[PDB]
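> How does the following fold in three dimensions:
(chains A and B, ligands or ions: 12)
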Number of protein chains: 2
Amino acid sequence: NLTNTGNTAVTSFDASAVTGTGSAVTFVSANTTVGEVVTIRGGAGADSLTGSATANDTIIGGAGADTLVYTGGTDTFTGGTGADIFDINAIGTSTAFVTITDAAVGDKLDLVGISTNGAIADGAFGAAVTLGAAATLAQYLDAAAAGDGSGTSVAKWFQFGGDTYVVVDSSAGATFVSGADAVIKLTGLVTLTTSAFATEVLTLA
Amino acid sequence: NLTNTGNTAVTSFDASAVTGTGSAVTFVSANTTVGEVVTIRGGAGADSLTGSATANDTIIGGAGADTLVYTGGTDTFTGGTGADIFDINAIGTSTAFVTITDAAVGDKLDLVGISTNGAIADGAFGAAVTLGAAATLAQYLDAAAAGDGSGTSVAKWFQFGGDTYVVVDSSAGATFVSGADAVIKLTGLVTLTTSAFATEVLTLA
Ligand SMILES: [Ca+2]
Ligand SMILES: [Ca+2]
Ligand SMILES: [Ca+2]
Ligand SMILES: [Ca+2]
Ligand SMILES: [Ca+2]
Ligand SMILES: [Ca+2]
Ligand SMILES: [Ca+2]
Ligand SMILES: [Ca+2]
Ligand SMILES: [Ca+2]
Ligand SMILES: [Ca+2]
Ligand SMILES: [Ca+2]
Ligand SMILES: [Ca+2]
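Numbers count the residues shown, from 1 in each chain, chains lettered A, B, ... in the order given. Ligands and ions are numbered 1, 2, ... in the order given. Here you go:
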């Protein structure tokens, strides 16, 4: 567990070679260079890797129960093998958002930090939003955020262009507003039909 | 020296074949067709070529001490050999701005006409604005205009995507405002570290 405060030149953290059941690595980037490429690599342990709001973090856990934290910007997450938790603590934009490359059965998606108004669903909330043969990503977003999230934030999801997306609606109108509504990309078609919301924590089934 | 008033159909001025130490050509386009492509070519002389605010002027001096004038729109400047002066008399937008293709040691950049509030630096003002490995042009602009230009306009510069940019901040907030803040593109990496501001006139060192 490495305290990293004030080490702001760091653009590559590579703990990938580390080895035990639980040789657990903790790291938090102190980088504040706007628009930086930062690479964070975990090891065999149950690692805890946090990026920077400033940065386009590529975060990769190894084996084991990794926690990858989103803070802002265009981030690329890969928890390798094991029950990884993708802890989403920022809203992002419509362009600067987190892509999770390898979301699979067992991995979790912790949305506690985007419950702007209240606290998410809590059900098994799992019928995909379906739109027309030529609906745009913009359209699918607007469709997903159609409801009222002013008093209570809601989760929805869809599949566009070969990738899977999750949304948090925290707004009035049927516009997905870049500011307070949130999108999360997941590489590939992953069916979240049967998957359930723990507290505000989605466990993939 | 050709008086050109009222010759508004002119889209190609080609004085390129002209020959002496100082066979000096003066031209000013009278063209007012919105969104026109106008081509202005100088000769061996110390030429004085002005475009149109209306137009996307390609201006090219030959040999000798050419003065190329920016008035508005998407302009492409090439002062050839010699101590050329790129006289910037308009602010432009964030899309319609001047690109200077061949800025080199000896060429000048006359910014007297964009000193909206007061009069520029006057120092040798020369540390490049640096941002992250994947900072956007939008980000670099906002970064460059971060300061307060309300009482006194300030110059800054950066290098994005293989080209060099110069900025004049004439505004309050850290938004580069398209209207009153100004950007100038220079093809290639040109280091303006050591280069100095005359009056409001930057001489490349
Ligand atoms: Ca690991
Ligand atoms: Ca980040
Ligand atoms: Ca893992
Ligand atoms: Ca995994
Ligand atoms: Ca959280
Ligand atoms: Ca809404
Ligand atoms: Ca010439
Ligand atoms: Ca022009
Ligand atoms: Ca020339
Ligand atoms: Ca020259
Ligand atoms: Ca001037
Ligand atoms: Ca400003």
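
> Now do the contacts for the residue sitting furthest away from the middle of chain A.
Of all residues in chain A, residue A:133 has its C-alpha farthest from the mean position, at 27.2 Å, by C-alpha atoms, centre = their mean. Going by C-beta atoms under 8 Å, 6 or more residues apart in numbering or on different chains, residue A:133 touches no other residue. C-beta here means a position set from N, CA and C on the backbone, and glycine is covered the same way.

> what's the nearest residue to residue A:97 if we skip its chain neighbours?
Once flanking residues are discounted, residue A:97 sits nearest to residue A:183: 5.2 Å by C-beta to C-beta, 6 or more residues apart in numbering or on different chains.

> these two touch, right, that neighbour and residue A:167?
Yes. Using C-beta atoms under 8 Å, residue A:183 makes contact with residue A:167 at a distance of 5.6 Å.

> residues near residue A:5, how many?
Other residues near residue A:5 number 7, with proximity taken as other C-beta atoms under 10 Å in any protein chain shown.

> re earlier: what about the residue nearest to residue A:97, which SS state?
On the three-state scheme (DSSP: H, G, I helix; E, B strand; the rest coil), residue A:183 is labelled strand.

> need the contact list for it.
For residue A:183, the contact set (C-beta under 8 Å, 6+ apart) comprises A:92, A:94, A:97, A:141, A:165, A:166, A:167, A:176.

> Would you point out the most distant pair within those?
Farthest apart among the contacts of residue A:183 by C-beta to C-beta are A:94 and A:166. That separation is 13.8 Å.

> of these two, who's got more company?
Set side by side, residue A:94 and residue A:166 show more neighbours around residue A:166, with 23 against 15, by other C-beta under 10 Å.

> secondary structure element for that one?
Secondary structure assignment for residue A:166, by DSSP states H and E: strand A:163-169.

> before we move on, what about residue A:99?
Going by DSSP H and E, residue A:99 is part of strand A:98-100.

> Give me the residues contacting that strand.
Outside strand A:98-100, the residues that touch it by C-beta under 8 Å, 6+ apart are A:70, A:74-78, A:86, A:88, A:92, A:109, A:184-187.

> Stretch A:150-164 now?
With contact meaning C-beta under 8 Å, 6+ apart, stretch A:150-164 is reached by A:103, A:111, A:114-121, A:125, A:128-131, A:135, A:137, A:140, A:143-145, A:147, A:165-172, A:185-190, A:192, A:197, A:202.

> Got a quick PyMOL command for the buried subset of those?
Buried subset of these, written as a PyMOL selection, criterion 16 or more other C-beta atoms under 10 Å in any protein chain shown:
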select buried, chain A and resi 103+111+114+115+116+117+120+121+125+129+131+140+143+144+145+165+166+167+168+169+170+171+185+186+187+190+192+197+202
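
> residues in contact with the residue in chain A that ligand 7 sits nearest to?
Chain A approaches ligand 7 most closely through residue A:35 (40.1 Å), counting by C-beta to the ion. Contacts for residue A:35 (C-beta under 8 Å, 6+ apart) come out as A:54, A:55, A:56, B:131, B:132, B:133, B:134, B:135, B:136, B:139.

> can you do 6 Å?
Shown in contact with residue A:35 (C-beta atoms under 6 Å, 6 or more residues apart in numbering or on different chains): B:131, B:132, B:134, B:135, B:139.

> In terms of distance to residue A:31, which of these ranks first?
When these are compared for distance to residue A:31 (C-beta to C-beta), residue B:132 wins out at 8.4 Å.

> Run a quick neighbour tally on that closest one.
22.

> so which helix or strand takes in it?
Counting by DSSP H and E, residue B:132 is part of no helix or strand.

> Just confirm it contacts residue A:32, I think it does.
No. Residue B:132 is not in contact with residue A:32 according to C-beta atoms under 6 Å; the separation is 9.5 Å.

> gap between residue A:130 and residue A:194?
17 Å (C-beta to C-beta, to the nearest Å).

> And for residue A:120?
Here residue A:120 is placed at a distance of 17 Å from residue A:194 (C-beta to C-beta).

> next one: residue A:86
Applying C-beta to C-beta, the value for residue A:86 to residue A:194 is 19 Å.

> same thing with residue A:205?
Using C-beta to C-beta, residue A:205 is found at 4 Å from residue A:194.

> and if you look at residue A:15?
Note on residue A:15: its distance to residue A:194, by C-beta to C-beta, is 34 Å.

> the more surrounded of those two?
Set residue A:15 next to residue A:194 and count neighbours by other C-beta under 10 Å: residue A:15 wins out with 22 against 9.

> For that one, give me its contacts.
Counted by C-beta under 6 Å, 6+ apart, residue A:15 has contacts A:25, A:41, A:42, A:43.

> and with 10 Å instead?
A:2, A:23-27, A:40-45, A:47, A:49, A:60-62 (C-beta atoms under 10 Å, 6 or more residues apart in numbering or on different chains).

> Filter the residues you listed down to the buried ones.
Buried residues within the contacts of residue A:15, defined by neighbour count using 16+ other C-beta under 10 Å: A:24-27, A:40-45, A:47, A:49, A:60-62.

> is any part of stretch A:49-56 close to ligand 2?
Yes. Judged by C-beta under 5 Å from the ion, stretch A:49-56 and ligand 2 are in contact via A:51, A:55.

> Could you export that stretch as CSV, CA atoms only?
What follows is stretch A:49-56, C-alpha atoms only, in CSV (Å, rounded to 0.1, in the frame of the first residue of the first chain):
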residue,chain,number,x,y,z
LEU,A,49,-6.1,1.4,-8.1
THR,A,50,-7.4,4.9,-8.4
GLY,A,51,-6.8,7.3,-11.3
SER,A,52,-7.0,11.1,-11.5
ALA,A,53,-9.9,13.3,-12.6
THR,A,54,-7.4,15.1,-14.7
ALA,A,55,-6.4,12.1,-16.7
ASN,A,56,-7.1,9.5,-19.3
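
> That one and chain B in contact?
Yes. Counting by C-beta under 10 Å from any C-beta of the partner chain, chain B has neighbours in stretch A:49-56: A:52, A:54, A:55, A:56.

> and which of these is nearest ligand 9?
residue A:56 (41.8 Å).

> Does the closest one lie in a helix or a strand, and which?
Secondary structure from DSSP H and E places residue A:56 in strand A:55-60.

> Can you name every helix or strand that whatever helix or strand comes next after that strand contacts?
Next in sequence after strand A:55-60, counting helices and strands by DSSP H and E, comes strand A:67-70. Here strand A:67-70 touches strand A:48-50, strand A:55-60, strand A:75-78, strand A:85-88, strand A:98-100, strand A:108-110, going by 3 or more C-beta pairs under 10 Å, 6 or more residues apart in numbering or on different chains; DSSP states H and E.
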